[PDB]
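Encoded as C-alpha cells, the following chain is the form solved without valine, with no partner shown.
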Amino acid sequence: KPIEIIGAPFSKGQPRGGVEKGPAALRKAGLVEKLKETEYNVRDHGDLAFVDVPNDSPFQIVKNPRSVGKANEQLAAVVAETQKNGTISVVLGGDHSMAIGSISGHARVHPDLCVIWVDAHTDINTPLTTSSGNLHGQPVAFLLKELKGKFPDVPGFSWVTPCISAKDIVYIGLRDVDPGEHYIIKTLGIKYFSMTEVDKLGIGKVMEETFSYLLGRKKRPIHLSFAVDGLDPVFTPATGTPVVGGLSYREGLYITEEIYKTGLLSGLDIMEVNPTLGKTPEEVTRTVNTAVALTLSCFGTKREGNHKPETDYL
C-alpha cells in the first residue's frame, strides 16, 4: 500500500508565525527516509505553494478568510487526487485550519469516512462564536453537516461542502473548550473523551470505546487529524496553543499503535508543529522527534519491535 505525503506550509490560520516551517522541521529530522524503512511505499509529494490573496480584509471577526480558504481549496484538490489513486495521505502541517482541505479532499473519494481528532481543543468555533478571528480554531465548523447555515458564508469557503456528520467524529485529549464550543458539542451530541475521560477509563479502554462507536456497525476509512498540542507540553512544547495536563508521549503512541492495527487508516494530519516557538533547540528537537514517532507508529513501528517477514535472523 501507498504513502503519499503532502506538505502544507500554512500559517494564516492563526497569529503566531513559525508553523509553516513545520513541514521542513519534520523532513529535516528525516521523516520520509524513516518512513521508507517501513513495509510501506513512500512517495514525497513536496511542499505546496500557497498563493497569497492580496488585501485579504477580515470578514467581521475572522482573519485571513480569503487566504485560508484558497489554500485549503488547493489542498483538498491534491489530497482528493492521491486518494483517487488509492494511496494514504499524510499531510505535514502548519496550523490546524488545513484540516478543512485535508479532510474535504478525503471525503470526496471516501464519503463514508470517519474522523479521530486528537487535539486539546475541539476547534469547532463558528465565525459567530470565536473571540478571535482565528481559523485554525474552527476547522470542524466548516466540515460539520449539522452546522450548515448556522453562520454566514465566509469569503473563499464557498467551495466547502459539509462532508461529515456529528455521528462520524470522535475527540480525544480535550482540555480547553470555550463556552460556545462546549455548547455545540453538547447540543449536537458529539462523542468525545476529554482528559477527564482518559483519566477515568485509561487510554486502553478509550480506544476500545471509540473503535466500537465509529466502527461498530460499518468498517470505514479512518482519517486521523492529530495535532501536536494534544499531548502535554512536556512532550510537545514547540506549539502555539499548549495546554497543561495532556496526553502522555505513551498514550500518544498507544493511540497511533491501535489505529495502525485497524488497517483502516486512510488519511493523517501531523499539525501545529511550530519550530520557532521552542524555548531551547532541545524543546524543538523533542517536539519534532515525537511528531515523527507518532507518524511512524501509524504505519507499523511497534514499541515491542519489528522484524521483516520471511527473514530467518538465525
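Just count from 1 along the sequence shown to find any residue number.
Note that the form solved in complex with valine isn't included here; everything after this is about it.
Proximity to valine in the bound PDB entry holds for all of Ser132, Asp178 and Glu181, with the criterion being a heavy atom within 4.5 Å. Contact with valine in the bound PDB entry, defined as any heavy atom within 4.5 Å, is confined among 155 to 163, 76 to 84, 133 to 141, 186 to 194 to 133 to 141. Here is the short version: of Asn125, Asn72, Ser89, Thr236, the single residue with a heavy atom within 4.5 Å of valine in the bound PDB entry is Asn125. For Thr210, no non-hydrogen atom is located within 4.5 Å of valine in the bound PDB entry, even though that partner is not displayed.
Using a 4.5 angstroms threshold between heavy atoms, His121 counts as touching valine in the bound PDB entry. Contact annotation for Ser104: none of its heavy atoms lies within 4.5 Å of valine in the bound PDB entry.
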